[PDB]
């Protein structure tokens, strides 16, 4: 029934929907829709970015408390946290927390610089066995979502697989792994999406994205109280829906996969 709901929403909104739900013990796909088609990641890439940063922290190449200085000229659109700290700068950890929790765009660009740019993020991903996902541009041009454009894209199944390696696998140390989950648990801007459908006792760690051409997405580690969690990723692109419609669609898919857990 969840896959029926997905198809009906895609029929209703236009554009394309992508969906993957992953079992964590085996890493096998429980169900997916357009699971091997490419979708723009938008800000959902910011979790992979912070994984790359934490990987450098783990290797002694970076410190969570190192202060990055920047000016007003480095600010791009939608920088709710970094725009308040042009004066005193921010630490690597504060920038990650801003990038994940508020989806601060300058925070992501600042972190991208620390690792060597979008090409270095893609190389990090290749190094951990993701041969599909790719980041090519900076904020905010990576949100352009041109039809057919493979730049800055993932597939629902590949993003699910990579998130399992990062959040539960051995890419990171347990301390850094949990740091990443903790930032995603603290997501502030995902309220109208899967969180709006969560029954009491459920836990979620998530990250949203939004882009041009009606694009929206979410990646999430979630589970019922007392039970094992799963990973879900949902992308949509190519419709004329506004943010609220995009939010509703994702929440409706969340409610269906929750009802059919």
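Residue numbers count along the first chain shown, from 1.
Trainee: Which is higher on average in the deposited entry, the C-alpha temperature factors of 198-206 or of 27-35?
Mentor: Averaged over C-alpha atoms, the B-factors run higher in 27-35.
Trainee: Between 58-66 and 39-47, name whichever shows the higher mean Cα B factor according to the PDB entry.
Mentor: Of 39-47 and 58-66, the stretch with the higher C-alpha B-factor average is 58-66.
Trainee: Whose CA atom has the top B-factor in the entry, of 95, 186, 158, 171?
Mentor: The listed residue with the largest C-alpha B-factor is 171.
Trainee: From the list 105, 127, 133, 101, select the residue with the highest C-alpha B factor recorded in the entry.
Mentor: Of 105, 127, 133, 101, 127 has the highest C-alpha B-factor.
Trainee: Please place residue 154 in the lowest, middle or highest third of its chain according to the CA B-factor in the PDB entry.
Mentor: Lowest third.
Trainee: Looking at the entry's B-factor column for C-alpha atoms only, identify whether residue 229 ranks in the lowest, middle or highest third of its chain.
Mentor: Middle third - that is where residue 229 ends up once the chain's C-alpha B-factors are sorted.
Trainee: Grab the CA temperature factor for residue 85 from the record and place it in the lowest, middle or highest third of its chain.
Mentor: Answer is highest: the recorded C-alpha B-factor places it there.
Trainee: Quick check for you: using the entry's CA B-factors within this chain, is residue 145 in the lowest, middle or highest third?
Mentor: Middle third.
Trainee: Is residue 118 in the lowest, middle or highest third of its chain when residues are ranked by C-alpha B-factor?
Mentor: It belongs to the middle third of the chain when residues are ordered by C-alpha B-factor.
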